[PDB]
Amino acid sequence: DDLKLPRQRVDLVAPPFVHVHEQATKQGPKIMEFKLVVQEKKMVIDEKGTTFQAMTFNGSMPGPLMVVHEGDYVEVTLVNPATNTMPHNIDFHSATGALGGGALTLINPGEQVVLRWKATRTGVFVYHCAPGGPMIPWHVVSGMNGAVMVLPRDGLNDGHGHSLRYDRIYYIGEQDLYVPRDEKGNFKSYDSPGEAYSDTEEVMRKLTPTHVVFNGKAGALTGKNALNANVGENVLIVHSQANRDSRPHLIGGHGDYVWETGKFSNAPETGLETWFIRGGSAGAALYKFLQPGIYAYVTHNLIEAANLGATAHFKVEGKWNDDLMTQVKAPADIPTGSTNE
Amino acid sequence: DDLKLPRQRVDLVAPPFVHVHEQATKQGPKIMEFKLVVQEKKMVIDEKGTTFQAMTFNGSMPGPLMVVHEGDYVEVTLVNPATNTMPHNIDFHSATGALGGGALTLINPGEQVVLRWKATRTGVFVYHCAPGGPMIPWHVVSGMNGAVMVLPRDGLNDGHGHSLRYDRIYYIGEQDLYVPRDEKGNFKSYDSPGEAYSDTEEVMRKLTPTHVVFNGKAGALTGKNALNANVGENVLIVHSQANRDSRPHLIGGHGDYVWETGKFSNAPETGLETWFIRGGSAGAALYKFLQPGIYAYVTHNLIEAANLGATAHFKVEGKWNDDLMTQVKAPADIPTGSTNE
Amino acid sequence: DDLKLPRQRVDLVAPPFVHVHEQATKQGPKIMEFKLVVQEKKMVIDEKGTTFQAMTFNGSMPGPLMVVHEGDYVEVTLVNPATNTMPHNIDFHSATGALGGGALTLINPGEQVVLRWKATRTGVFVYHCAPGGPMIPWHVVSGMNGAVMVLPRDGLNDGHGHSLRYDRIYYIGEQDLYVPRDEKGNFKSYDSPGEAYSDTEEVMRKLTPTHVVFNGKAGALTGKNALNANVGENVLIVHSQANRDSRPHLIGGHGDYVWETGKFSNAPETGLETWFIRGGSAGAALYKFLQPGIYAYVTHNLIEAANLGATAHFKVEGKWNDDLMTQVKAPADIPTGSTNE
Ligand SMILES: OC[C@H]1O[C@@](CO)(O[C@H]2O[C@H](CO)[C@@H](O)[C@H](O)[C@H]2O)[C@@H](O)[C@@H]1O
Ligand SMILES: OC[C@H]1O[C@@](CO)(O[C@H]2O[C@H](CO)[C@@H](O)[C@H](O)[C@H]2O)[C@@H](O)[C@@H]1O
Ligand SMILES: OC[C@H]1O[C@@](CO)(O[C@H]2O[C@H](CO)[C@@H](O)[C@H](O)[C@H]2O)[C@@H](O)[C@@H]1O
Ligand SMILES: OC[C@H]1O[C@@](CO)(O[C@H]2O[C@H](CO)[C@@H](O)[C@H](O)[C@H]2O)[C@@H](O)[C@@H]1O
Ligand SMILES: OC[C@H]1O[C@@](CO)(O[C@H]2O[C@H](CO)[C@@H](O)[C@H](O)[C@H]2O)[C@@H](O)[C@@H]1O
Ligand SMILES: OC[C@H]1O[C@@](CO)(O[C@H]2O[C@H](CO)[C@@H](O)[C@H](O)[C@H]2O)[C@@H](O)[C@@H]1O
Ligand SMILES: O=N[O-]
Ligand SMILES: O=N[O-]
Ligand SMILES: O=N[O-]
Ligand SMILES: O=N[O-]
Ligand SMILES: O=N[O-]
Ligand SMILES: O=N[O-]
Ligand SMILES: O=N[O-]
Ligand SMILES: O=N[O-]
Ligand SMILES: O=N[O-]
Ligand SMILES: O=N[O-]
Ligand SMILES: O=N[O-]
Ligand SMILES: O=N[O-]
Ligand SMILES: [Cu+2]
Ligand SMILES: [Cu+2]
Ligand SMILES: [Cu+2]
Ligand SMILES: [Cu+2]
Ligand SMILES: [Cu+2]
Ligand SMILES: [Cu+2]
């Protein structure tokens, strides 16, 4: 074995949560070992129960967030069980060479492969399947995409010599979906991804998703699965979109520090209302919560947010600050003596 | 009354103009009092006379620009006259908490509410109605959006320790509209917003506007309503888009200083050709005019600009500078001795 | 003649290549002389042989890249041969006044015009035809757009006082096309641009291209026309899009230094995965190749890249660096003792 570094196995966790990691570290470079297992399966993607033929890393949309530090090596075992029907591979936008690794990781059902890439570039980055040709968009918009974060060894900073530390981290993977409809407008169902392909490709061609979802379905991060926080906590929100632009916004908040292009060698922007994730990238925002209550986290095409699935909630515990905002007068009848022209 | 600051009432003016304000101020924080009255009404939105069922703040698309300074408090009386049919509210992207104020301002026809928010974040920001659910996009794309500018108390700067001062300010609100068509392709008319809803939502779902307009209609800021300027004037152009991306461009000019994400804690970019307003945001550009004549101000999807309504004009008075540009030879027949292969 | 500077004639070359130029220069300002000849012609735009009625500068999509330095004057002879059917003009986003020159360059078939503009603004910029009204988008999406680069006289820098020098430069013009289809879905053919107009405008109105291509057609820069480079070379990739957004990505690489808004008075961003060209602009990225092999250069809407034409290749010669990336284990059967749940 030429590369003589310590090895550390990481157990991935399902989004929107993130596996255990250090922000700053004084450990030297390691070989960080990850396993991704491809799973093709039918999944429910909206609140009416619509299904579609998904293809996933590790059974989730998005695939899980991987976290390493600058100078680590990332050794990924990609597994394509024989219950799957298609070949698969993986392209890390964090990696250098061989189409991000895609040219070294094509595996048929029943095979696995081991790729190592050096984490030379800091930031959050997309990873996605990319078998070749028209299969590249198809596998990605069927769900085969996630992200990796390469932290500086000293953790995050503000680009002005001040360290930034998060209390909590969430990973929001946004997915554009292209579900075929019948002549009456009802979504169609299929028995396999291969059977769904031709009709799906026709929808894809017109560049208008039927659904835009976080964490794999409409409503995934609302209701009992709202994201928790507390007043005072500095929360890092990683957002990825492997195929299509997005414009994240935290309703009732801001982006205190935003890396919209997602790369920690660049100073963040401050005090944003809405930021922009270019399709094929990950970005990140830090926000320190100042008020309790419900926050909606959306793409601020509000049609997509409210009508195609792209809303998450935060539920924030703590005490209300009437200095920042207050209801001076509750709703009341318009005074008789008013003129409102 | 706990908050013991001077109160100042502001009279709003219709876009693209902006109410009287100071750039730099040595006044301390104030409670700045604004009134917004919701008006649902049919409006003309294109040059062929197409109408649609609009919903507005203060009778205009966009709603008027509010201008305050960092550290002021903004006390907004939102009025929903009983002639309206729907509930309404307001979300300030400038504000912290309660979904931007939307969770504290839902009012039925016949009611008003008073919200106060502290202007802790500098920049230009969207405000918009957001009643809940699918009503959020519907109210916004029906016209219920505007912007607020929170200036630093020392006015604008270049991010490199130099003050910037504008001679003139204009507010360009861009609106994506989704007007239903009949089976022949003609735009449909309705007697109320409620009657228009179902057909409008179907158009919205396909994410392709029928119209993209400035100041509420195609041609609003062309012809006799071109925007005036003079050679030498430094003009601030605030641009908002509450739902959908835009790419502003001043044809024949530049953006000397551009805050495309719209937030004055970040240094502007210099010398832009075209900038980018992410849907759900406001941005701003300063330009010092150097040449007289007509300028077109567009979104630089030229299909949207020329064919869906999204062109404004500036008419600039002054003297032409032949050093910057000149017609060396006027159109003339191609010389007989020419070879043009 | 009032302007007493040396004159230099430049011979343009077809994209993706760039005419001979100096990066840094100690020559003083010159009048740089360029000729552009409009050519309307049918062109093949995809791998199935689909044609469409194009309109070009100098016979190519994009038009050729012009390169000058800050403070030069650019004297452009625009020629509209009498074999063409339409009037044409030119708008330089690099220029100040008269709608970028469009208001001084409208020429009928059989005419030519000479425009001079001073290169006061550094960066890469779009130029495009803009006759007036609905003809503006039509001429642009028919192919009448290119770019000009205005280099600082000291050449490029990193925004932190370090010079940057490229070994190679390529110009990637991306074109959104709107080809009519018949009732069966087959692309229609026409005998002239005028005959194609009405059906084309209907496609344009729905804001969804049928094709998104580099260098004028699907596959233009793949196969025998892949872009060459070598390990170690710093390559400047200029990307323009005159009408519609794009999100460039170099698969297997990065953007070491990226001016996504395209203007050299602003420091570049570092280490990008994917960048963003706002419609109506040019941007530029520098990358130093570190690995040999094939790279795909795409817009990272992968549907557009793989299915609508928007993929180029680089073929990079040199030696593989197993430190940066290696295939630890080639594809092999999943071990019997594995558990992959
Ligand atoms: O295609 C729109 C048209 O189709 C119908 C069924 O005929 O609804 C479908 O489309 C809706 C919007 O996507 C979904 O809410 C629903 O799951 C789906 O059946 C019509 O109701 C709609 O009018
Ligand atoms: O710079 C990020 C900064 O935002 C902070 C500033 O200290 O606060 C902003 O919001 C708070 C609302 O009170 C204010 O302190 C501040 O004046 C405004 O920009 C933090 O939450 C943090 O360091
Ligand atoms: O739907 C496009 C198709 O509809 C018609 C009327 O049949 O025109 C309508 O659409 C045009 C483009 O939006 C508008 O200019 C016009 O106001 C509207 O009636 C056809 O003329 C067009 O061919
Ligand atoms: O930095 C904004 C700056 O743009 C200025 C520079 O002084 O001018 C630009 O356009 C003018 C066209 O003459 C030139 O002064 C300059 O060299 C170029 O970048 C102003 O209009 C202003 O301060
Ligand atoms: O319109 C989509 C539908 O049309 C057909 C011909 O009937 O294919 C056309 O569209 C394809 C996608 O753009 C092209 O690949 C081809 O050049 C064109 O004829 C059908 O095959 C397709 O099903
Ligand atoms: O800053 C651009 C810089 O990227 C470089 C840094 O020297 O390299 C990056 O990629 C290389 C991969 O080894 C590493 O040197 C570096 O640590 C990482 O950001 C060059 O190719 C260049 O100056
Ligand atoms: O080696 N210190 O954590
Ligand atoms: O299935 N995804 O969270
Ligand atoms: O070959 N890919 O499905
Ligand atoms: O302010 N949120 O849509
Ligand atoms: O208090 N001075 O304007
Ligand atoms: O109606 N708006 O300007
Ligand atoms: O309830 N909103 O129209
Ligand atoms: O240059 N304006 O389209
Ligand atoms: O004048 N020197 O190249
Ligand atoms: O025809 N263009 O490269
Ligand atoms: O008049 N332009 O084709
Ligand atoms: O990583 N490229 O699609
Ligand atoms: Cu796959
Ligand atoms: Cu990719
Ligand atoms: Cu409302
Ligand atoms: Cu909002
Ligand atoms: Cu033309
Ligand atoms: Cu232009």
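Residues numbered from 1 in each chain as written, not as in the entry; some residues may be left out. Chains lettered and ligands numbered in written order. Heavy atoms only, no water. Residues with missing side-chain atoms left out of burial classes, pairs and counts.

### Re the overall build of chain A
A count of helices and strands for chain A gives three helices and 20 strands. For chain A, whose C-alpha radius of gyration is 21 Å, the value lies close to the compact-globule estimate of 20 Å for 341 residues. Principal axes of the C-alpha set define a box for chain A whose edges measure 80 × 60 × 30 Å. Counted over contacts in chain A with a minimum sequence separation of 6, partners at least 24 positions apart contribute 74%. (Helix = DSSP H or I, 4+ residues; strand = E, 2+ residues; numbered from the N terminus. Rg over C-alpha atoms; globule rule 2.2 N^0.38 Å. Contact = heavy atoms within 4.5 Å.)

### Structural notes on the coordination of the copper ion (ligand 19)
Residue and element names in this part refer to chain A. Listed as protein donors to the copper ion (ligand 19) are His88 (ND1), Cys129 (SG), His139 (ND1) and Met144 (SD); their distances from the metal cover 2.0 to 2.5 Å. For the copper ion (ligand 19), the four donor atoms in the first shell make angles of 84 to 132° at the metal, so the coordination geometry reads as irregular. Here the donor residues of the copper ion (ligand 19) share one chain and are spaced in sequence as H-x40-C-x9-H-x4-M. Remark: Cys129 occurs in the loop between β8 (123-128) and α1 (135-141) and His88 occurs in the loop between β5 (73-80) and β6 (91-92); sequence separation between them is 41 residues. The exposure classification of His88 matches that of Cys129, with both residues buried. (Donors = N, O, S within 2.8 Å, 3.2 Å for Na, K, Ca; no water. Tetrahedral: all angles 85-135°; square planar, octahedral: opposite > 155°, others 65-115°. Buried < 20%, exposed > 50% of the residue type's maximum accessible area, 1.4 Å probe, protein only.)

### Structural notes on the relation of the copies chain B and chain A
After a rotation of 120° and a shift along the axis of 0.0 Å, chain B superposes on chain A with an RMSD of 0.0 Å. Look at the turn and shift together and you get a three-fold axis relating the two. By C-alpha distance to the rotation axis, the residue of chain B lying nearest is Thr208 of chain B, at 5.1 Å. The two copies present different faces, since only 2% of the interface residues in chain B are matched by interface residues at the equivalent positions in chain A. (Least-squares fit on C-alpha atoms.)

### A few points about the site of ligand 1
Looking at ligand 1, the residues that line it are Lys48, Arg181, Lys184, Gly185, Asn186 and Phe187 of chain A together with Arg205 of chain B. Residue neighbours of ligand 1 fall on chains A and B, so the site bridges chains. In this structure, an oxygen atom belonging to ligand 1 sits 2.8 Å away from a side-chain N or O atom of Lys48 of chain A. Between ligand 1 and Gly185 of chain A, the relevant distance is 3.2 Å, taken from an oxygen atom to a main-chain nitrogen or oxygen of the residue. When the free accessible area of ligand 1 is taken as 480 Å², the share hidden by the protein chains comes to 57%. Across the shell around ligand 1, the residue classes tally to one nonpolar, two polar and four charged. (Near = heavy atom within 4 Å. Polar contact = N/O pair within 3.5 Å; in protein donor to acceptor, adjacent residues only side chain to side chain. Areas by Shrake-Rupley, 256 points an atom, 1.4 Å probe, with all protein chains shown as cover. Nonpolar A, V, L, I, M, F, W, Y, C, P; charged D, E, K, R; others polar.)

### Describing the coordination of the copper ion (ligand 23)
Residues and elements named next belong to chain C. For the copper ion (ligand 23), the full set of protein donor atoms is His88 (ND1), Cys129 (SG), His139 (ND1) and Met144 (SD), and the range of their distances to it is 2.0 to 2.5 Å. Geometry at the copper ion (ligand 23) is irregular, judged from the four donor atoms that bind it and their angles of 84 to 132° at the metal. Motif for the copper ion (ligand 23), donor spacing along one chain: H-x40-C-x9-H-x4-M.

### What to know about the site of ligand 3
Taken together, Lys48, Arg181, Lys184, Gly185, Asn186 and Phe187 of chain B together with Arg205 of chain C are the residues near ligand 3. In this structure, ligand 3 sits where chains B and C come together, each supplying nearby residues. In this structure, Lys48 of chain B approaches ligand 3 through a side-chain N or O atom, which is 2.8 Å from an oxygen atom. In this structure, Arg181 of chain B approaches ligand 3 through a side-chain N or O atom, which is 2.8 Å from an oxygen atom. Protein contacts shield 57% of the accessible area of ligand 3, which totals 480 Å² for the unbound molecule. Its residues assigned to classes, the shell around ligand 3 shows one nonpolar, two polar and four charged.

### Thoughts on the interface of chain B and chain A
Contact with chain B, which involves 59 residues of that partner, is made by 51 residues of chain A. With both sides pooled, the region where chain B packs onto chain A buries about 4400 Å², and carbon together with sulfur makes up 54% of that total. In this assembly, chain B and chain A are joined by five salt bridges. Measuring nitrogen to oxygen at the nearest pair gives 2.8 Å for the salt bridge that ties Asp245 of chain B to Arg247 of chain A. For the interface between chain B and chain A, the tally reads 30 residue pairs in polar contact. Contributing elements (two or more residues each) for the side of chain B that touches chain A: β2 (31-44), β5 (73-80), β7 (111-118), β8 (123-128), α1 (135-141), α2 (193-205) and β17 (281-288) of chain B. For the side of chain B that touches chain A, the per-class residue count stands at 27 nonpolar, 19 polar and 13 charged. Sheet analysis places strand β20 (residues 325-333) of chain A next to β7 of chain B, joined by six bridges and oriented antiparallel. Counted as the bridge partner of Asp333 of chain A is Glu111 of chain B from β7 of chain B. (Buried area = accessible area lost by both parts, 1.4 Å probe. Salt bridge = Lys/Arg side-chain N within 4 Å of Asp/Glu carboxyl O. Pairing = 2+ DSSP bridges.)

### What about the UniProt feature "binding site: Cu(2+) 1" (unreviewed entry) in chain A?
Residues and elements named next belong to chain A. Sites flagged by UniProt as "binding site: Cu(2+) 1" (unreviewed entry) map to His88, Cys129, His139 and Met144. A compact arrangement is adopted by the annotated residues: their sequence extent is 57 residues, whereas the largest C-alpha distance between any two is 9.2 Å. When near neighbours in sequence (up to four residues on either side) are disregarded, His88 contacts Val38, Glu40, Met55, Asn80, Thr105, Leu106, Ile107, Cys129, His139 and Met144. Here the side chain of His88 touches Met86 through a polar contact of 3.3 Å, landing on its backbone oxygen. Summarising the element assignment, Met144 is placed in the loop between α1 and β9 (145-151). Setting aside chain neighbours within four positions, we find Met144 in contact with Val38, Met55, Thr56, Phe57, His88, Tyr127, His128, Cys129 and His139. (UniProt positions renumbered as here; feature names shortened; annotations may be inferred.)

### Topic: the sheet that holds β17 of chain B
Residues and elements named next belong to chain B. Judged by pairing direction, the sheet is mixed, and its six strands sit side by side in the order β11-β10-β13-β17-β15-β16 without closing on themselves. Since the sheet does not close on itself, it has two edges, and those belong to β11 (211-214) and β16 (269-272), each with one partner. Adjacent strand axes in the sheet meet at a mean angle of 25° when their direction is disregarded. With four bridges joining them, strand β10 (residues 168-177) and β11 adopt antiparallel strand pairing. In the sheet register, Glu174 faces β11, and the bridge partner there is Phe214. (Axes fitted to C-alpha atoms, helices over the stretch in contact; angles between N-to-C directions.)

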